[PDB]
Structures are given as C-alpha cells and as structure tokens.
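Single chain ahead, written as structure tokens, the form deposited in one PDB entry.
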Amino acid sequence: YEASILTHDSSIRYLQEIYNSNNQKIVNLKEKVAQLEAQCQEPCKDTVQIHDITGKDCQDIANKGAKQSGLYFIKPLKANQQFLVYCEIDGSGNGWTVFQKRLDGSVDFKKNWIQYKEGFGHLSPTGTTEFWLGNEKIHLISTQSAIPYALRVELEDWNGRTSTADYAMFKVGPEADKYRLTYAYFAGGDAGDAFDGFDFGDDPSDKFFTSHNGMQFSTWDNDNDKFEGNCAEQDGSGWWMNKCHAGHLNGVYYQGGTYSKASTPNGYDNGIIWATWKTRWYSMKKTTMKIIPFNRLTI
C-alpha cells in the first residue's frame, strides 16, 4: 500500500538476502549440471557383441579356447580379408561355421549373383536371424590347404521334428567355376540324402536331374543349371540347380509347411524342400547349413 520510508531500509536488505541466496543456489546448480554431464557421454550399450578370439575358421577358434556360440571374425588361409561369421560351439570342442539360416521368412532369398556371392541377411549372437554367408567365403572356408571338410544340414518341420543330413569332403569351388558343389559321399542322416537326387515319379530321369553333387551355383541373373529354362528364376532363389532340385534350402518361405501348386507363381515347387524327408509341397520351418573339419565329425 506504499509503506513508510522507514520500511525501505529493511525491505531493501531483504532483497539483497534472497538475491545472494539465489546466486549461491545457481552456483551449486551449475555444479550439479557439471556432474550430470560426466554422466551423459557414453553411447547406448549394444547387446550384440563380437568375440575377440579369431582363427582360420570356427573350429580353429573352438580350439583356441572359444566356448560359446556367437559372432566371431575368421580369416581362412587364402582369404584376402577377415569376415564376421556365426560359430556354433557345443560342449565337446566342436566349432561349426554356419553359412545358411532360415527360421521365419524374414529375409528374402530372391537375390542376384553378387548378393549370393557376397552374402546377405544378418548375423545375430544368438543364431536367431536368417542369412546367406556368401559363396566366396564358403569357398575359402572349405578349400583351405589339405583339410577335408564336412557339411551338416539341419531341418525342422512345423511340428517340432528335426532331422539332419551329412556330407563328407564338402567343398565349394571358386567363382571361375560358379562355386560348384561337390562332396565325397552322403555321411548319413535321418533326413535323407536329397543331394543324390530324388525319384519324384514324374519321369525316369527325375533322379539324375534333381541331384546336386557337382552342380554349379545358379541365380536368376546368372543361369548355370542343366535346363533350357531358368531354375533359379522360376523358383525364385539362388542354389546349385540342376533340372531342377531335390533339395531347396534357399527356397521361398512358406508359412505352415503345406503349400499348393497354386501358391507358387509358376506351378513348380519353389519352397524350402528336402525330398528325402517331406513332400515337394512341404516347406521347412527352420533351415541351417553348417560346416566343420571332417576329422572333427565323429573321427
């Protein structure tokens, strides 16, 4: 209401007090702001981590002490540079180098030559993602000076059953020879030797024309199969085609397992099939192709 001139003397000092107090609090706040800063420099912690141990392949790593399955860097002898791979290390010192993985249809496998050559998909530290490691790498890993390799295929239907198929002296050629697939023989497997062809019952040569040992890798943009048509193209995949296939792991992902000639764009069976274990109209739920030094596979 406009106090007396005698109020001024006191009222004026009341400001000086809260003003100075304010100042102090500001000095202490700037301090705290300084400490908060040392708290906000780190980046978010990434769950996916790559291990330190490296070798010529997963088995080398598994033999250097590696113990848990995960992402590692490997570098085969003749490899120009190292590359990230997925290693499966069981409790017996076995280290598998996985190069193909299907499990949900997340990744499209209708890729071109180069893509199948360099690889595609994603490597996850828990083997829960689909991918194609890459023909070139597969070649390097399976052709290291005097080291017989073995290939294991693991199937899993939409019921819960899981079967395997093994191949001794597995190998993939250089690009010069279209990464040709070859092996010494079927090493057994309750999944069946679908690499030896299948008597589909549509002709006398079905066996021969659907066998894979010796086949070169083929893609829509690079046909190297034994068929005037384009296997890789009509079946929308990248694979060691003949005319065309008994096994088709990089095939179209069909949810459920059962698909009809109508489901396909061009009648022919183009799913993830393996003739010696299921019908040509049954696509697998989980697919996995891994290799390891042969001598390592049960002596």
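One rule holds for the numbers: they count along the sequence shown, beginning at 1. Only residues modelled in both forms are compared. Note that the rigid core is defined as the largest set of C-alphas that superpose within 1.5 Å between two forms.
Below: the form deposited in another entry, not depicted.
- If you fit the rigid core between this form and the one not shown, you'll see the Cα of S260 move by less than 2 angstroms.
- With the core held fixed between this form and the one not shown, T279 has its Cα displaced by under 2 Å.
- Core-aligned CA deviation for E37 between this form and the one not shown: 2 Å or greater.
- Residues present in both forms were considered; between this form and the one not shown, the rigid-core fit shows Cα displacements of 2 Å or more across three or more consecutive positions only at 7-41.
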